[PDB]
């Protein structure tokens, strides 16, 4: 049949993939090659003119990576996909394909740190200006739009407190003003949120997180209309960033995404249990999790997301020193950056990543001294809870 007709779990397993045509191999072969051989001058010419299907060179395209791209296009309900060397490369390949000197972007302020760095420091040096706004307030997005605005850029849920952005509303605002909406869907995966179905034009992911899910791949993906993806591929990737994905990385990501449905279900079931535990703990001042009814945008979450996600942020009593004590007291949770791994990961930005940053600078970014971010893994939730309880009690 057509893989676009099956249930979502069936698609996760099968979409974009098929047994190898020459051998019947069930696993997608790893086409770890740089180049491809033609049977004749004519076949070569036909492919370079695009009068013929087939491969030429891995930077341009590759059968293993094509399977991943097609799978993710199916899962996001987009026309086409483009795999990249990293999440950052997915974002920059996208924006550098769309924008040129004199153009403007309206971006959420509550975004991934490195994305913020690209937008605030690099883009302007190429003559592309960026206005940062609070995207939880769609009116701020409207107010910042200019005649030269080409793109509105958002993430939801957002760092660090998992605030939300109303995708459908923002899409309508962007489109009314003739701009595209690009959504970073990394935190949710297509299993939990589908920005294209809500009106977004382009979705990007760091597959480094949930899509791969196994903490062993750096990579990104872009999904959108064929006409845009063709430009992102044959100009953005080919000429500008050169950020192609290794066939081995694509194969690992294909392998990891096979279990996306069951992983997300467990991540989110575990996260809800842990979030409820934290919300009841007298040493914890705040818990940020879309699945708690106390979330300021709970109702939007119920409309836009199928599950509340696997990430929790929370604030511990006693600020900086308590956060440090707590994170140094966990025995099961692992101190690391990143998220979406099978192992539970924990970080305390004020004493770790953002130690080098001024306290007032941290606050403006929504990072309080006691803020802890937890990526909930696939362990027994009782074990994670017991580890957190132990560490919190010691710290406070």
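Positions refer to the first chain, counted from 1. Superpose the two forms; the largest set of C-alphas matching within 1.5 Å is the rigid core.
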#### Entry: Segment of greater CA departure in 4 other deposited structures of this protein, 340-348 or 356-364, core superposed
356-364
### Task
Please report whether at least a third of the other compared entries leave residue 54 without coordinates.
yes
### Task
Could you check which stretch, 242-250 or 167-175, carries the larger mean CA temperature factor in the entry?
167-175
### Query
If you average the CA temperature factors over each stretch, which comes out higher, 75-83 or 153-161?
153-161
### Query
Of 313, 283, 297, 93, which one's C-alpha B factor is largest in the deposited record?
297
### Task
Please work out which residue in 342, 34, 43, 64 has the highest C-alpha B-factor recorded for this crystal structure.
43
### Message
Where does the C-alpha B-factor of residue 58 rank in its chain, lowest, middle or highest third?
### Response
middle
### Task
Determine, from the deposited record, the chain-internal third of the Cα B-factor for residue 233: lowest, middle or highest.
middle
### Task
Pull the Cα B-factor of residue 319 out of the PDB entry and bin it into the chain's lowest, middle or highest third.
highest
### Task
State the tercile, meaning the lowest, middle or highest third, of residue 17 with respect to the CA B-factors recorded for its chain.
middle
#### Entry: Relative C-alpha B-factor of residue 69, binned into the chain's lowest, middle or highest third
lowest
